[PDB]
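Just so it is clear: chains get the letters A, B, ... in the order the sequence lines come, proteins before strands, and each one is counted from 1. Heavy-atom basis, side chains included; hydrogens, waters and symmetry copies ignored.
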Amino acid sequence: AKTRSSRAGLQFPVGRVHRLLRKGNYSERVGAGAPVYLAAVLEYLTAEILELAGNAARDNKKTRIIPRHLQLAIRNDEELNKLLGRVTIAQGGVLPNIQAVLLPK
Amino acid sequence: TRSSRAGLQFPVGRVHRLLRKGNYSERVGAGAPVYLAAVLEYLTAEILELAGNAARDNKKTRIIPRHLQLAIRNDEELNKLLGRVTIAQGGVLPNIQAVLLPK
Amino acid sequence: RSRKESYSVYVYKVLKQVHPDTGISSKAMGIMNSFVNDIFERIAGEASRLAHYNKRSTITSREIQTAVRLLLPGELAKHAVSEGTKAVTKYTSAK
Amino acid sequence: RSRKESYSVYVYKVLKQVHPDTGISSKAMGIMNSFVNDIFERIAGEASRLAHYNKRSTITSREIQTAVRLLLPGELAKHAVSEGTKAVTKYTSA
Amino acid sequence: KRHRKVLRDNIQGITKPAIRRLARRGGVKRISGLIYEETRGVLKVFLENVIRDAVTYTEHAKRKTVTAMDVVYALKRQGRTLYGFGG
Amino acid sequence: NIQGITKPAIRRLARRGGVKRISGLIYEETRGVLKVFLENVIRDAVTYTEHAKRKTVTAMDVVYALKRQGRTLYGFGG
Amino acid sequence: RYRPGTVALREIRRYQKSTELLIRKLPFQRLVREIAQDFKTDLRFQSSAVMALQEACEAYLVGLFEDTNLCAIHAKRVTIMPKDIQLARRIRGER
Amino acid sequence: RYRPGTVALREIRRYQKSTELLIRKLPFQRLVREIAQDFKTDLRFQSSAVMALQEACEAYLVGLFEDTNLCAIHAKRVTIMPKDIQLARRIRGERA
DNA sequence: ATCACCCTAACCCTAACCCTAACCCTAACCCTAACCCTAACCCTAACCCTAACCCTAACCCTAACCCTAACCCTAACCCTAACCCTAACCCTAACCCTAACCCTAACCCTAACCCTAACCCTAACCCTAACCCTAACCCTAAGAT
DNA sequence: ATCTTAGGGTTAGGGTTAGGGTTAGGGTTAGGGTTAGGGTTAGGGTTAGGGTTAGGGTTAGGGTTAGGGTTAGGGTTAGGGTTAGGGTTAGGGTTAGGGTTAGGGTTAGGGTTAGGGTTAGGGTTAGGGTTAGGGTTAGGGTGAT
Ligand SMILES: [Mn+2]
Ligand SMILES: [Mn+2]
Ligand SMILES: [Mn+2]
Ligand SMILES: [Mn+2]
């Protein structure tokens with residue numbers, strides 16, 4: 001192996017993450033393991049989002065993930081909905097939900 | 001002192017040390033701690049003013065947290081600035097909803 | 001033990017200046033110190049981001065300025081910007 | 001002009017590992033990059049404060065881990081800490 | 001090379017049908033007549049707050065042009081973090 | 001111990017909240033809401049205590065937890 | 001002729017199922033320049049800066065109409081009133 | 001004998017003009033240690049750490065009873081119900 | 001509870017536009033060596049937490065009573081949905097130009113590094129006035145005649 | 001409203017605690033002077049926003065019928081509220097132990113600095129597929145007979 005991402009078994013860039021931490025004004029020094037752990041967490045969460053969104057793309061009969069799919073995936077997972085609870089997905093739309101009280105008799 | 005040079009009670013010296021130590025930027029301007037110490041001192045003066053007045057109103061000489069609370073929540077702008085803050089031992093402002101008031 | 005900082009000395013000075021015949025409780029001073037620290041962080045952090053956004057390596061009075069404009073209220077920001085500009089000008093006058 | 005960074009290359013890689021027959025729109029990728037940047041700053045900032053509170057100059061994997069523990073939902077945090085500890089261990093091996 | 005047009009009463013551009021559509025996505029079955037002017041009041045406050053902060057950023061940058069990032073930075077400040085327009 | 005936060009202690013909190021009349025189901029609901037509030041704050045405080053490699057939960061750990069929860073407290077150290 | 005509430009329920013399903021912006025783009029861009037210019041003159045807007053604002057506004061408003069409807073339903077009503085928008089904004093801490 | 005709603009209005013005035021804590025300190029400290037042990041065993045608490053928590057709880061709860069009452073009044077009621085606490089918590093974004 | 005008609009969903013394919021695989025070249029990450037201050041060990045002070053005792057007394061709970069608020073049902077009005085059509089004004093693809101942004105070359109002063117120096121502020125003590133605690137007092141509505 | 005009734009703020013007395021005036025010296029901040037680069041200069045490219053022309057068709061504005069939901073009423077049930085008196089449990093008052101947090105010193109090594117090296121990925125162009133938009137298709141559920 002040669003990239004730091006290769007050594008940690010990650011798709012996400014350990015190299016970049018380290019640079020962004022140092023150049024981001026977070027602390028005097030950055031540990032060797034910190035960008036590795038962070039790149040890993042960022043990669044895990046993007047895999048989790050892409051998983052549910054790709055699944056929603058597949059239901060809406062589409063081949064490509066559009067923001068609607070990311071919205072349906074986010075707002076249908078309890079934990080992603082909490083994590084992104086005060087975030088707006090541009091072109092996401094809403095989840096379909098009519099209040100049962102409004103429904104006809 | 002730098003506080004003497006800027007005509008401030010608040011510490012320009014300390015503010016400068018806390019800014020570079022605090023991991024906000026690689027460098028800090030000569031004017032930044034002066035301007036900040038000034039703003040911090042102004043806001044301290046604004047609170048102490050209204051609170052001291054509320055302490056005066058309560059037949060009291062010493063400002064207690066209740067006074068700070070009455071001063072904060074009675075000013076529209078301090079209430080906004082400290083809207084998601086809790087003054088320990090502050091209590092609430094007296095307010096009964098008119099709908100609840102007797103006939 | 002180990003040294004503990006505080007804005008106690010200054011809050012008392014500013015108090016002596018506004019209400020020369022008024023005092024402050026241990027807890028009320030606690031709240032005053034908590035207040036100074038919160039607003040210090042609020043402004044310092046906003047200024048930290050401003051410099052960063054604009055690819056500028058230093059926090060200047062200009063970063064403090066617009067942070068105050070962003071964080072302070074309609075009229076408090078008006079007076080805080082005045083008191084700040086006043087302090088800097090006076091400081092630049094005195095070497 | 002001046003060069004612009006992105007997580008585009010990696011988001012596409014992580015998409016192909018997960019759903020190898022699914023694509024991503026220009027805007028959906030925009031949202032993905034916005035997502036990576038938000039969580040990077042949420043974790044990096046929390047870790048920045050942790051090191052600060054504890055009078056430490058460095059942000060280590062230990063600061064990243066408790067930041068994750070603080071910011072992530074129970075089970076996402078559980079897996080992210082696993083995923084992270086795994087990467088560090090593998091890195092220390094290589 | 002010369003003078004622009006005066007801008008006035010543009011909140012009336014947010015029409016009753018456009019406000020209905022927003023209420024329908026919000027899952028609203030029936031809308032009072034007073035809602036339309038009230039939504040206009042609330043929308044104006046929302047924009048004043050966001051644009052004020054965005055323009056404060058534009059100004060700090062020593063720019064005349066309000067960028068997507070200035071709007072993005074303003075919304076994050078307002079606690080209304082937006083995905084898709086950079087950042 | 002959740003039943004330690006009594007019906008009269010809960011009524012007092014509703015009076016400061018300016019409540020004229022209280023339903024019977026309110027007491028068990030306030031109990032539910034208070035437990036969630038404490039779980040959330042103490043969880044985060046203990047996470048800080050743990051990071052510090054400490055056994056003792058300090059005022060600051062509670063202060064840091066509240067700031068995170070967006071319920072900043074004035075008067076306990078930070 | 002459809003019964004009152006039928007086209008209404010159909011409309012909810014229509015717009016809930018989509019993402020397209022619901023305010024017209026030019027009327028909205030005018031409101032933006034109006035409000036902006038009447039805070040600072042000679043301002044320019046990147047096309048996307050306005051789009052970012054419109055996305056934000058509509059997301060805000062739709063989520064407000066959600067809480068508003070919850071308030072109208074709370075009061076055993078079906079139709080939203082200003083007092084519902086007001087209560088949602090009060091509890092939201094917008095005041 | 002006072003009319004229904006008189007001692008109640010008097011109580012609001014009493015506690016509204018007061019700052020003292022309304023939950024008893026020892027029952028509260030027990031709840032804190034209980035919840036904490038369910039998180040990490042053999043934990044210690046600084047006296048002030050518990051006080052910081054109590055101040056936080058009571059401040060939270062009183063402000064919740066404010067929004068709750070606003071909801072009760074909205075529904076043309078005088079008396080607070082679980083559905084009011086629930087709506088306050090939903091709009092506050094604590095609940096779904 | 002049957003039939004009519006408006007709707008969306010969904011088939012067809014033609015249609016364009018945006019995706020993603022190609023190119024390559026620029027620029028960031030990577031390797032290496034010597035660098036140092038941090039954070040690691042170590043011992044062990046002096047802090048404060050928990051643990052266990054007592055005394056009522058402020059405070060909680062059960063179980064006295066009846067007030068009036070919440071809820072259902074009804075039937076009053078009238079607010080607000082649904083539908084039609086005319087004409088504005090938005091959307092559309094164009095056109096153009098110049099202010100506005102920002103690259104990237106040159107320069108200097110601002111900012112940080114260092115050390116030692118005065119000088120401010122913390123930790124500590126101790127006094128005393130402000131505030132607290134109690135009992136008697138007038139004001140002030142509260143509920144029933 | 002006018003009659004008795006409670007209670008809470010008011011006055012004054014004299015106790016207790018913790019504000020704030022005070023001591024010293026520790027460590028912070030300041031004035032010395034060197035060093036380096038970030039950021040202020042003026043300049044040009046060059047992107048791109050604002051303004052204009054153009055058209056046509058969606059989308060809006062406005063008034064019209066009437067459903068049907070909103071809100072007044074009265075009249076039912078019971079749920080919380082006042083008050084009371086027994087009595088659990090809370091709050092200080094005041095002990096001791098010893099695990100805990102941690103000051104502080106010694107030392108190693110992780111994290112930084114450096115410039116050359118090269119590989120990854122940003123920005124370029126471009127062929128083809130996924131999506132879009134216009135044509136009818138049938139069933140679907142709606143609301144009048
Ligand atoms: Mn009806
Ligand atoms: Mn009952
Ligand atoms: Mn190394
Ligand atoms: Mn690319």
Can you give the first and last nucleotides of DNA chain I, 5' to 3', that have an atom under 4.0 Å from a heavy atom of chain G?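 Listing 5' to 3', DNA chain I meets chain G from I/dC6 to I/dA100.
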[X]/[Y] ion pair, N-O < 4.0 Å:
X       : Y       : value
C/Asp21 : B/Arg56 : no
C/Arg56 : C/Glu63 : yes
C/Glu5  : B/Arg14 : yes
F/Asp61 : F/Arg54 : yes
H/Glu20 : F/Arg12 : no

Categorize [X] for me: base, sugar-phosphate, or nothing, with a 4.0 angstrom heavy-atom threshold over every strand shown.
X       : result
E/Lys16 : nothing
D/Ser8  : nothing
F/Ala9  : nothing
C/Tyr10 : sugar-phosphate
C/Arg3  : base
E/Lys5  : nothing
H/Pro27 : sugar-phosphate
C/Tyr12 : base
G/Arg3  : sugar-phosphate
F/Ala52 : nothing
G/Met81 : sugar-phosphate
H/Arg14 : nothing
B/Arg14 : sugar-phosphate
E/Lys1  : nothing

Is a donor on one side and an acceptor on the other found under 3.5 Å between the side chain of H/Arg24 and the backbone of H/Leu26?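 No, H/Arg24 side chain to H/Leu26 backbone: no donor-acceptor pair under 3.5 Å.
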Does [N] have its sugar in the north or the south range once you look at the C1'-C2'-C3'-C4' torsion?
N       : value
I/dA70  : south
I/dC65  : north
J/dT53  : north
J/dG140 : north
J/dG116 : south

A/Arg4 CZ to J/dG110 P, straight-line distance once rounded to whole Å: 15 Å
Just how far, in rounded Å, is P of J/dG68 from OH of G/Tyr2?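 Computing the G/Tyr2:OH to J/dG68:P distance gives 15 Å.
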Examine H/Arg10 relative to H/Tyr2 and say whether NZ or CZ is less than 6.0 Å from the centre of the six-membered ring and inside a 45° cone about the ring axis.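 Geometry flag: set, cation within 6.0 Å and 45°.
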Is it true that J/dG93 and J/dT94 stack, with six-membered ring centres under 5.5 angstrom apart and planes under 30°?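 Yes, which means the ring centres sit under 5.5 Å apart while the planes stay under 30°.
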More 5' along DNA chain I: A/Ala1 or B/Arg27, using each one's nearest nucleotide?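 Upstream on the strand: A/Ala1.
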Could you pick out which residue, D/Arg1 or F/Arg12, lies toward the 5' side of DNA chain I when each is mapped onto its nearest nucleotide?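 Result: F/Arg12.
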In terms of the angle between their ring planes, are C/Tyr10 and B/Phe10 parallel, tilted or perpendicular, with boundaries placed at 30° and 60°? tilted
DNA chain J: D/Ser2 or H/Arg10, which has the more 5' nearest nucleotide?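 First, find each residue's nearest nucleotide; the 5'-ward one identifies H/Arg10.
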On DNA chain J, more 5' by nearest nucleotide between A/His18 and A/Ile65 is A/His18
If you apply the rule side chain to side chain donor-acceptor pair (under 3.5 Å), what do you find for G/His74 with H/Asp84, and how did you get there? CA-CA 8 Å; G/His74 184 76; H/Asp84 306 309; 2.8 Å; yes
Does [N] have a Watson-Crick or wobble mate here (both distances under 3.5 Å), and if so which one?
N       : value
J/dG14  : none
J/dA144 : I/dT2
I/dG143 : J/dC3

For nucleotides I/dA136 and I/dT62, find the distance between their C1' atoms and express it as a whole number of Å.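 Straight-line distance between the two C1' atoms is 36 Å.
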Distance between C1' atoms of J/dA102 and J/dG98 (Å, rounded): 15 Å
Spacing of D/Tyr7 atom OH and D/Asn33 atom CG [to the nearest 0.5 Å]: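 Here the interatomic distance stands at 8.0 Å.
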Passes side-chain contact (heavy atoms from CB on, under 4.5 Å), B/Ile64 versus B/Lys60? Steps please. CA-CA 9 Å; B/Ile64 71 172; B/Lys60 281 192 177 195; 3.3 Å; yes
Using OP1 and OP2 only, check whether a side-chain N or O of G/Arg1 sits under 4.0 Å from J/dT142.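 Result: no.
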Tell me whether I/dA39 is paired to J/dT107 (Watson-Crick: purine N1 to pyrimidine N3 plus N6-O4 or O6-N4; or G-U wobble; cut-off 3.5 Å). yes
For the pair H/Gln46 and F/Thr58, evaluate side chain to side chain donor-acceptor pair (under 3.5 Å) and give the outcome as yes or no after the intermediate values. CA-CA 5 Å; H/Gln46 290 193 328; F/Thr58 70; 4.6 Å; no
Nucleotides 135-141 of chain J: which of its N/O atoms have a protein N/O under 3.5 Å away?
none

